[PDB]
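[1] To kick things off, part of the complex as it is:
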Amino acid sequence: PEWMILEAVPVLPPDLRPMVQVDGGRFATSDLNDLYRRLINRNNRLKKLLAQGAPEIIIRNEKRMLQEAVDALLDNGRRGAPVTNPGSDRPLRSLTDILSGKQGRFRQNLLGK
Amino acid sequence: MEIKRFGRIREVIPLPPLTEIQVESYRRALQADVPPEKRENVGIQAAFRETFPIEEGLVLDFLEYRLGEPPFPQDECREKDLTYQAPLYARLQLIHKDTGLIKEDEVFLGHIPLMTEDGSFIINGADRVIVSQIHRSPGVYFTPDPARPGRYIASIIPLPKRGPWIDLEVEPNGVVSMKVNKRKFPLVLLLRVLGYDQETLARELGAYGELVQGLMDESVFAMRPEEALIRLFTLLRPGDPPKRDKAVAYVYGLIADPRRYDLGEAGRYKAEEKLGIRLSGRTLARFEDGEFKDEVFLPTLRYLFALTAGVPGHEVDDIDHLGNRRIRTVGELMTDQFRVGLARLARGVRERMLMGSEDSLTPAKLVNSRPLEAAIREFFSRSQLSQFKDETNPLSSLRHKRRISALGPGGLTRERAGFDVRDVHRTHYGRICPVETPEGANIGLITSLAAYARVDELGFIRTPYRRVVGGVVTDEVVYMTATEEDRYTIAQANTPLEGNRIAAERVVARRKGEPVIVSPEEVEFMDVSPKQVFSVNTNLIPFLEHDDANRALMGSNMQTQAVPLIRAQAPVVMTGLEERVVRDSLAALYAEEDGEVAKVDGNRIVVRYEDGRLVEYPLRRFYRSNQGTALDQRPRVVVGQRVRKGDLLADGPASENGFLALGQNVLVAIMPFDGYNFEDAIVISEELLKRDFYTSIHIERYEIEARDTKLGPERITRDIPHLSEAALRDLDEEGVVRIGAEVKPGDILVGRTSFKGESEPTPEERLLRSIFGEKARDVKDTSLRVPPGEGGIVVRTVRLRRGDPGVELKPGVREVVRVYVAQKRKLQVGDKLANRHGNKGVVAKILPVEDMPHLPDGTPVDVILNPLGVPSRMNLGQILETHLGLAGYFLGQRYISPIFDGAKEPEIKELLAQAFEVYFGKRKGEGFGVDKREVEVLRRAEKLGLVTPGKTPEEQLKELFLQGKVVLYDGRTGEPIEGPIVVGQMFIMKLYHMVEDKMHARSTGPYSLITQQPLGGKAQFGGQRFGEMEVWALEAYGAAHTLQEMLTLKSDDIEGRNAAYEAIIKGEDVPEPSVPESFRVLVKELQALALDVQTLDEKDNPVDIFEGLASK
């Protein structure tokens, strides 16, 4: 049962969330990279706040933010507000969204192509 | 030719300016011609007044704004991919309250896009159109509660994103609730906060069925306004510390702040009219002398209780009534986005005001114009209502400018739109056309402004009527809203008049849309014209009254799709609207004053006016539209011509002497033809290609950039490796194809070289090099070639280089080259034709002329339409048109037949009689009798009851000709068609759906990044989608191997697709496939969710589909 709780969070291979130069020299990238970056920034700041003996309010805030980072990575939008990129109302596209729906992996690329 | 016209209805007023909705909306929102002091508190001026002043202590106040002149004219913006815009300056002053210092400056806020003369925009070089939006008008509404019958919901709706919806409801427990931000609380509390006491509420609401007792709560009156206010703040903000100033700020911003809450001026007026009260501002309450004073809440509660009890003069509201739905035109939508940009700018202003060296703070040091610039740029580039302009033909642009959408920002989500919104409401009469809407998902959500309709200052659609006093029809016209219209008995526009007096004893009229037979004494108004019920497009359909609405819709819509033809003609049967459409769409050119024409040219017309001045009109010649159709103006006057004001100088695209010319007048035979016109297909004569009927000019734009790379620069060059002179024949010195060349698929248009990616040559490459002793060049061929199935004649090249005057490209690119390729498209098998009645079909066969059915005098028909398309579709109008066309063929005249007021059968029969004389008496004079085959057809017709027995051959042929039918000879045999056939002239258009643009095929090509499946779309050399349902089709056949091919060898089995291609080029059978790569992506994306997915064998032992490449 405890496996429903994550200690190590897996990271998808980079080609499945590419960082590609489009024709003309600019860069296009998947949303998973910004979700993972949120996660890693908050996790690293948590490790530093622990190593530096911070009060309880602060560690509690960090841990809450870390749980929500993981939640946005896996099922963004499910609980609370959906994480968006700066200057846009569009929700970022998490792993659940990649799997499901009309445009999801199954219906879009596995049951028809 | 002669233009005979029918019709007995004189139209008092002409059609209004057809683009006035767009142009006037934007003019009102900008006020650019108004001197600043004289501006009204509307538009962007009202946005400025809302945002300013900015406080907290420093203050930044707004004096005025001004719009400068556009840096570049419209054509230059279209070329340079620039936006046609004006600089926006705002005069601001900073004041320190304590210091009294006042620093004043005019700061620059960026640019605002200007609207062109025809009501369109130019954003980044492409013409765009902002589509008006329809929505529920702000105000106070009363709707029935769908659960509890005898109960009603009071709804208080402000402007979109200008406050919260507020619902009042009488609960099952008797207390009156108030829902706001999804929070139900007893209204009594807010009534107390307003300063109301139980005495006043008791004397105001006691009359109603004891309902006022559900408003009576003792614990509420037990506290003063402050304690009730804090109670409400706690009920609305769980957890927020209930401070006093915090609660006052929240409640004020929620209910009385004109900068946060805003009914429209229309919402204001409608609340005033509904509740029978008067409003001071556009808010529900006010903050006066420290306390809150009510404006709207008590009137609304009074009306609600009165409707619940049932006292008369209270009715639930129809929310689809066009007196409760209003239009948000260009100006209002742009003003809203402007207001949002201004709010962000103000946030930044206060941010900079708090910090910073407060001794030296100018207006320039506080305003970051970027948020405002971004909001406007977003609205004009990526809004749902900012649409790529449809300029296929001029009517396309006109219709686009006059379209109304219920979708978009602040509107409805699709699939959240039931029958009600999409219905044609009774109040649509005269305001929104009932036929011009899309077929498919958007039906009833995209509509068109009726032809006589105007939108008033409040945003409601108004239609004109004539005053009728004592049975006399004045020429005083009154534009009404639907609310106003519902008060009157309005007669029909066709009611017979002698002079100005109603000459009929019984008169067909409307009362609240209901049709009623009424006496002339009861008639108060009368319709202006039948034209006022329909859109512009629908008003172009002759004999509309004989066409089922479902097909009128199609003909209406398809006129928008007509392609400008090099020999375009106006129809031989018109509705009388074909000239206004050319004029208002700014297609053609006209004379500005009376004058004599000095010069005439393929490129320019110079006119000497009565003032003695010389005015030169240049002509737009072979310009490329958004849809690639050619837009050239051709001169129609000659040197020395006398011209009065408003006389035609130049014909625009799809204009014939100032008449809207969307197609050709062809000679039609309505008969089957050996299956080649089966199921709406059409058969045409090669004589149409011979005389360049249905031929159109099309221009495509190709573009290429050379940019700086981390591996060296790209460069446009003629020096392209590994190419012969055969490949470089038509390339100029610099590498760009020469104007005039004929380019076919595969031809280079612009040479370009790119430095190769870092690569160690594979040992095979090294040995091949050694064998051939040739160094691999540093660069590679990346030239821009002609895509498959395209080409034509080069007509323009633009070249822009970094370091050249006036030129600055985006960071990185050294040079940009554009090539414009023209092509003359003849009609071909696959192209789409249609007439104005909804008859549409694809050319399926082009016969040589000697196979075409011909009249006895040797004249072959042009196209053969199949009669099986008529009865099921009930578009008999195209039949009557054909009949009239027949007469016009031999009389040599065209006709104007107003809709519902046009040519009837007897007058068409008179014309046909005259035509038959021209058609047959010619024969009798020239010395030929009736033909034997004509006798045989006459026998057949006599058995069909079409002619009377015992009349002469000529008399019977005249009888048939009066029925519109003639003898027709098969071109292949010379024997007659056993029956007489309906032959006549019909107006037929070539639509934008040409097969040249659609045919596509692919063996192998680009694949997608993650899925490794083929890209989609002709432009990407894409593969067809074999979707879920195609898979079901293959499954139901039991084509396991065909299906497995689709799923592996042809899509994303990498090894499989490679091995299949190799086997086929070698001549072997294709190998058995392997795992599709997207399933591996699924396995890894599940692993990314902490789910272990394991392919096993029958022994439950894992199988590695990754071939070890990801197991340590």
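    Alright, I've got the coordinates. Residues are numbered from 1 along each chain as shown, chains lettered A, B, ... in the order given.
[2] And the helices in chain A, which stretches?
    A:31-51, A:56-75, A:95-99, A:105 (DSSP state H).
[3] got the residues of chain B near chain A?
    Chain B comes close to chain A at residues B:374, B:705, B:707, B:709, B:812-813, B:1009-1011, B:1013-1014, B:1025-1031, B:1046-1047, B:1051-1052, B:1076, B:1078-1079, B:1081-1082, B:1084-1090, as judged by Cβ under 8 Å from any Cβ of the partner chain. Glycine gets a C-beta too; all of them are placed from N, C-alpha and C.
[4] Drop anything exposed from the residues you listed.
    B:705, B:707, B:813, B:1010-1011, B:1013-1014, B:1026, B:1031, B:1046-1047, B:1051-1052, B:1076, B:1078-1079, B:1081-1082, B:1084-1089 (16 or more other Cβ atoms under 10 Å in any protein chain shown).
[5] Which of these fall in helices?
    Per DSSP H, the subset of these in helices is B:1031, B:1046, B:1047, B:1078, B:1079, B:1081, B:1082, B:1084, B:1085, B:1086, B:1087.
[6] Return the closest of these with respect to chain A.
    residue B:1078 (4.4 Å; Cβ to the nearest Cβ).
[7] Could you look up the SS state of residue B:249?
    helix (DSSP: H, G, I helix; E, B strand; the rest coil).
[8] For it, grab the count of nearby residues.
    13 (other Cβ atoms under 10 Å in any protein chain shown).
[9] likewise the one 4 residues further on?
    Residue B:253 is flanked by 13 other residues according to other Cβ under 10 Å.
[10] Now do the contacts for the residue located most distally from the centre of chain A.
    Here the centre of chain A is the reference, and by Cα atoms, centre = their mean the most remote residue is residue A:24, at 28.3 Å. Residues counted as contacts of residue A:24 (Cβ atoms under 8 Å, 6 or more residues apart in numbering or on different chains) are B:705, B:707, B:813.
[11] Among those residues, which one lies nearest to residue A:36?
    Using Cβ to Cβ, residue B:707 is the member of those that lies nearest residue A:36, at 30.2 Å.
[12] ok, now how distant is that closest one from residue B:985?
    Using Cβ to Cβ, to the nearest Å, one obtains 57 Å as the distance from residue B:707 to residue B:985.
[13] The spatially most central residue of chain B - nearest residue in space that isn't next to it in sequence?
    Geometric centre of chain B, nearest residue: residue B:400, 4.3 Å, by Cα atoms, centre = their mean. Excluding its sequence neighbours, the residue lying closest to residue B:400 (Cβ to Cβ, 6 or more residues apart in numbering or on different chains) is residue B:390, at 4.5 Å.
[14] Also put DNA strand C in, sequence below:
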DNA sequence: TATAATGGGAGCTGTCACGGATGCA
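    That brings us to DNA strand C, laid onto the chains above:
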């Protein structure tokens, strides 16, 4: 690295029907 500064803004809305879990009387 040193005047003092000590709790936030944006909601935004014409379905719809079902299915299944929670909440009361």
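[15] quick one: what helix or strand has residue B:1034 in it?
    helix B:1028-1036 (DSSP states H and E).
[16] So which elements touch that helix?
    Packing contacts for helix B:1028-1036, counted by 3 or more Cβ pairs under 8 Å, 6 or more residues apart in numbering or on different chains; DSSP states H and E, involve helix B:1040-1047.
[17] Show me what counts as buried in the helix it packs on.
    In helix B:1040-1047, counting by 16+ other Cβ under 10 Å, buried: B:1043, B:1044, B:1045, B:1046, B:1047.
[18] The fourth one touches residue B:1031, doesn't it?
    Yes: the criterion here is Cβ atoms under 8 Å, and residue B:1046 meets it with residue B:1031 at 7.4 Å.
[19] How many neighbouring residues does residue B:943 have?
    By other Cβ under 10 Å, neighbour count at residue B:943 equals 11.
[20] what sits against it?
    By Cβ under 8 Å, 6+ apart, residue B:943 has no neighbours at all.
[21] For residue B:979, see how far away it is.
    10 Å.
[22] One more: residue B:997?
    40 Å.
[23] Equivalent analysis for residue B:1018, please.
    In terms of Cβ to Cβ, residue B:1018 sits 45 Å off from residue B:979.
[24] And residue B:171, by the same measure?
    In terms of Cβ to Cβ, residue B:171 sits 76 Å off from residue B:979.
[25] Name the residue in the two with the higher neighbour count.
    The neighbour count for residue B:171 versus residue B:979, taken as other Cβ under 10 Å, is higher for residue B:979 (17 against 13).
[26] what helix or strand does residue B:1022 sit in?
    Using DSSP H and E, no helix or strand contains residue B:1022.
[27] show me what contacts it?
    B:1000, B:1002, B:1005, B:1006, B:1014, B:1015, B:1016.
[28] what's the residue in chain A positioned nearest to DNA strand C sitting at in phi/psi?
    Residue nearest to DNA strand C within chain A (Cβ to the nearest atom of the strand): residue A:89, separated by 7.6 Å. Torsion angles at residue A:89 (phi, psi; degrees, to the nearest 10) stand at phi -90, psi 0.
[29] Kindly report the same for residue B:353.
    According to degrees, to the nearest 10, residue B:353 has phi -70, psi -40.
[30] Which residue is the nearest non-sequential neighbour of it?
    Closest to residue B:353 by Cβ to Cβ, 6+ apart is residue B:58, at 5.0 Å.
[31] Include this sequence as DNA strand D:
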DNA sequence: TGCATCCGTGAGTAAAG
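    Take a look at DNA strand D, now in place beside the chains above:
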């Protein structure tokens, strides 16, 4: 044992865009 009530979820295909 029974109802109201709330939350989550899904709502046609291909094309172009």
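[32] Just give me how far the helix holding residue B:1034 sits from the chain centre.
    How far helix B:1028-1036 lies from its chain's middle: 36 Å, per Cα atoms, centre = their mean, to the nearest Å.
[33] Taking helix B:1040-1047 as reference, get the angle to it.
    On the basis of axes from the mean of the first three to the mean of the last three Cα atoms, to 10 degrees, helix B:1028-1036 is oriented at 160 degrees to helix B:1040-1047.
[34] quick one: contacts of helix B:1028-1036?
    A:107, A:111, A:112, B:1042, B:1043, B:1046, B:1047.
[35] Intersect those residues with the contacts of DNA strand D.
    residue A:112 (Cβ under 7 Å from any atom of the strand).
[36] and the two most separated of the contacts of helix B:1028-1036?
    A:107 and B:1042 (20.8 Å).
[37] For the residue nearest to the centre of chain B, give me its contacts.
    Contacts of residue B:400 by Cβ under 8 Å, 6+ apart are B:129, B:131, B:387, B:389, B:390, B:560.
[38] hmm, back to that, among the contacts of helix B:1028-1036, which one sits closest to residue B:259?
    residue A:107 (46.9 Å).
[39] That closest one contacts residue A:98, doesn't it?
    No: judged on Cβ under 8 Å, residue A:107 makes no contact with residue A:98 at a distance of 11.9 Å.
[40] Comparing these two, which shows the higher neighbour count?
    Neighbour comparison, residue A:107 and residue A:98: the larger count goes to residue A:98, with 24 against 14 (by other Cβ under 10 Å).
[41] How about the contacts made by that one?
    Per Cβ under 8 Å, 6+ apart, neighbours of residue A:98: A:104, A:105, B:1085.
[42] Try it again at 6 Å.
    A:105, B:1085 (Cβ atoms under 6 Å, 6 or more residues apart in numbering or on different chains).
[43] Please apply the same query to residue B:391.
    B:397, B:625, B:626.
[44] what does residue B:914 give?
    Applying Cβ under 6 Å, 6+ apart, no residues contact residue B:914.
[45] mind redoing it with 10 Å?
    B:887, B:890, B:891, B:893 (Cβ atoms under 10 Å, 6 or more residues apart in numbering or on different chains).
[46] okay, the contacts of helix B:1028-1036 in CSV with distance to DNA strand C next?
    CSV is the format used below for the contacts of helix B:1028-1036 (distance: Cβ to the nearest atom of the strand, whole Å):
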residue, distance to DNA strand C
A:107, 20
A:111, 23
A:112, 26
B:1042, 37
B:1043, 32
B:1046, 34
B:1047, 32
